[PDB]
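A.B. asks: sharing an experimental structure here, sequence included.
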Amino acid sequence: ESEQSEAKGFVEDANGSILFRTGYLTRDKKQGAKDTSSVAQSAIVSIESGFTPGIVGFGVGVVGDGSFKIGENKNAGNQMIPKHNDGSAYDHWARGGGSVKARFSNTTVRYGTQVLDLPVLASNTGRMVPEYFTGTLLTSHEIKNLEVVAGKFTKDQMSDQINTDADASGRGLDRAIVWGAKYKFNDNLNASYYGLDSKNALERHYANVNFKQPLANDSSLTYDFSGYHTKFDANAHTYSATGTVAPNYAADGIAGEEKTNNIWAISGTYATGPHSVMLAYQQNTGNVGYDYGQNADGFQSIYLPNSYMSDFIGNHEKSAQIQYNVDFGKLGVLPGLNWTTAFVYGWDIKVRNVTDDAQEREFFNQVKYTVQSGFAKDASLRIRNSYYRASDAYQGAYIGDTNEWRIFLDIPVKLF
């Protein structure tokens, strides 16, 4: 009848796992700019009790991680490793917490520490360890194929922070209220719409529609339209704003008046047999770029296609991508080996008091291998490289010319 009426018990329905992750991320930049290199090992735990049986069910959750750096890591960065006040890397660190949860019919409420994946407020999961939020999330599946959420969060703990309320910049969350809904219309079409209101910081909405269109020979075309609307509060932190800013914006990141961004993107992917190709276009309008991640708003709150090392989020920036993906298992060469190559070109970037015409481009390659069977099933290795270049005006204003490598070994282990 419902998710709660099928509860087996606190112990019977429990699940638990650890992900061991070894990472390496380096960025080589031109002379006069800072090279980063970060190497580390993590163990990331997730434990979820089942729910007790009855009209209302109860359980608990635990999330956390413990990590150590590998090497001195004197020029660590990129949100890989916590740093002491002098700049030195932390030798080892530990983070996380617990939650309690309650379930009635098909609705769950969770209170405490948790990893979020709302498009408007999404935890980092692309570095060593996950970003954690603390607060309350209600999740309702009372209508088949519809998920509705509502939440309130008061702490944000980013991956490279030891303090329990500290985003990528070391600043705490005041109050983030979130809501939204996601619906599967049929097997080819779904859509979503989410909202965020974060006190003294910003208001943000996200919408998506995703339509898959079957073609002959086990082929298809998938179209995607995604976008965000963000209104940044006068006291929020931003970096790409244009128009009227405060004298000190330069130094503070505080515009002292509201700034608005719209960013949207359309993508079409043709897939056939072993092979896929995607084309995508993305554009920003308003008087700021998509300056996400600067106000305890989720380091991964970037559900758009033109997003690799650069996110193509500059003020007025337009961008276009071509992407090619091969599955080497379907092709008959090596099951679980995949290759992605992409090229993204961005232009029309406004850099305040310098130009209206800056540009950037990125050439990306990733090879990934996932173990298909045996004791190490689902272990994977991801090796990825970005060759990134930008005009003179978009160097220290954003990332700067760079050759980036990232390597991640992920070894998942089921505890129960």
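C.D. replies: Received it, and whenever you're ready, just let me know what you need. Residues are numbered from 1 along each chain as shown.
A.B. asks: okay, CA-based contacts and neighbour counts for the rest of this
C.D. replies: Fine.
A.B. asks: residue 345 reaches residue 319, doesn't it?
C.D. replies: Yes - contact criterion Cα atoms under 8 Å: residue 345 and residue 319 qualify, at 5.4 Å.
A.B. asks: which one of those two has more residues nearby?
C.D. replies: For residue 345 versus residue 319, neighbours defined as other Cα atoms under 10 Å are more numerous around residue 319 (24 against 19).
A.B. asks: what helix or strand is that one located in?
C.D. replies: Under the criterion of DSSP states H and E, residue 319 resides in strand 318-327.
A.B. asks: the closest residue to residue 386 other than its chain neighbours: helix or strand, and which one exactly?
C.D. replies: Distances taken as Cα to Cα, 6 or more residues apart in numbering place residue 364 nearest to residue 386, at 4.5 Å, with adjacent residues excluded. Using DSSP H and E, residue 364 falls within strand 355-370.
A.B. asks: from the contact counts, what lies against that strand?
C.D. replies: Contacts defined by 3 or more Cα pairs under 8 Å, 6 or more residues apart in numbering; DSSP states H and E place strand 355-370 against strand 337-351, strand 380-390.
A.B. asks: neighbouring strands for the first one, and are they parallel or not?
C.D. replies: It stands for strand 337-351. If you go by DSSP bridges, strand 337-351 pairs up with strand 318-327 (antiparallel), strand 355-370 (antiparallel).
A.B. asks: of these, which is nearest residue 29?
C.D. replies: Evaluated over the strands paired with strand 337-351, closeness to residue 29 peaks at strand 355-370, with 14.1 Å, by Cα to Cα.
A.B. asks: for residue 396, give its distance to residue 408.
C.D. replies: Separation of residue 396 from residue 408 (Cα to Cα, to the nearest Å) stands at 27 Å.
A.B. asks: for the residue lying closest to residue 368 once chain neighbours are set aside, list each beta-bridge partner.
C.D. replies: Using Cα to Cα, 6+ apart and skipping the chain neighbours, the partner closest in space to residue 368 is residue 382 (4.4 Å). For residue 382, the beta-bridge partners are residue 368, residue 408 (DSSP bridges).
A.B. asks: ok, now which ones touch residue 382?
C.D. replies: Contacts for residue 382 were tallied using Cα atoms under 8 Å, 6 or more residues apart in numbering; they are 366-369, 406-409.
A.B. asks: what's the closest of these to residue 282?
C.D. replies: residue 366 (21.6 Å).
A.B. asks: I figured that closest one hits residue 384, correct?
C.D. replies: Yes - look at residue 366 against residue 384 with Cα under 8 Å: they come within range, at 4.2 Å.
A.B. asks: could you count how many residues lie near residue 86?
C.D. replies: Counted with other Cα under 10 Å, residues neighbouring residue 86 total 6.
A.B. asks: and it, how far from residue 75?
C.D. replies: Going from residue 86 to residue 75 by Cα to Cα gives 12 Å.
A.B. asks: which residues of the stretch 151-300 of the chain fall in helices?
C.D. replies: For the stretch 151-300 of the chain, helices defined by DSSP state H, counting those that start in this stretch occupy the ranges 249-252.
A.B. asks: how about residue 379: what's its closest non-neighbour residue?
C.D. replies: Among residues not flanking residue 379 along the chain, residue 411 sits closest, at 4.5 Å (Cα to Cα, 6+ apart).
A.B. asks: report how many residues lie close to residue 324.
C.D. replies: Residue 324 is flanked by 18 other residues according to other Cα under 10 Å.
A.B. asks: same question, residue 415
C.D. replies: For residue 415, the neighbour count with other Cα under 10 Å is 11.
A.B. asks: ok, residue 237 next?
C.D. replies: Residues contacting residue 237 under the criterion other Cα under 10 Å number 21.
A.B. asks: point to the residue nearest the middle of the protein.
C.D. replies: residue 300 (2.3 Å; Cα atoms, centre = their mean).
A.B. asks: for that residue, grab phi and psi.
C.D. replies: Main-chain dihedrals, residue 300, degrees, to the nearest 10: phi -110, psi 20.
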